[PDB]
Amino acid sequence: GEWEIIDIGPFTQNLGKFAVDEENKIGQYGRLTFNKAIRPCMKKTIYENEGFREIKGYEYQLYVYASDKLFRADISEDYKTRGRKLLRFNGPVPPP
């Protein structure tokens, strides 16, 4: 896959809010209230394989404050329909 840094504009903030909303469904962490996504944000392009390099989707690796605590969330987005899923949500983590 390929890696690119993206900034922290509304698209990225909405990824952050998505992650918190999704994590709140799970209820393993106390209820979280989204604060903001911060830098750095990474967008990975996910190929089905290197042999043909057909894009399958993307993964976004975000740092997001919620309830004044810093978390790392990874979000997948499929290439065809741009639907999104929360893969992983971990922390608190130290500030990058």
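Each residue number is its position in the shown sequence, starting from 1.
B-factor third for the C-alpha atom of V64 within its chain: It belongs to the lowest third of the chain when residues are ordered by C-alpha B-factor.
Within-chain third of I5 by Cα B-factor, per the entry: CA B-factor rank for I5: middle third.
Within-chain third of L32 by Cα B-factor, per the entry: According to the entry, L32 has a C-alpha B-factor in the chain's highest third.
Lowest, middle or highest third - CA B-factor, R82: For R82, whose C-alpha B-factor we compare with every modelled residue in the chain, the answer is the lowest third.
For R72, the third of its chain into which the C-alpha B factor falls: Middle third, going by the recorded CA B-factors of the chain.
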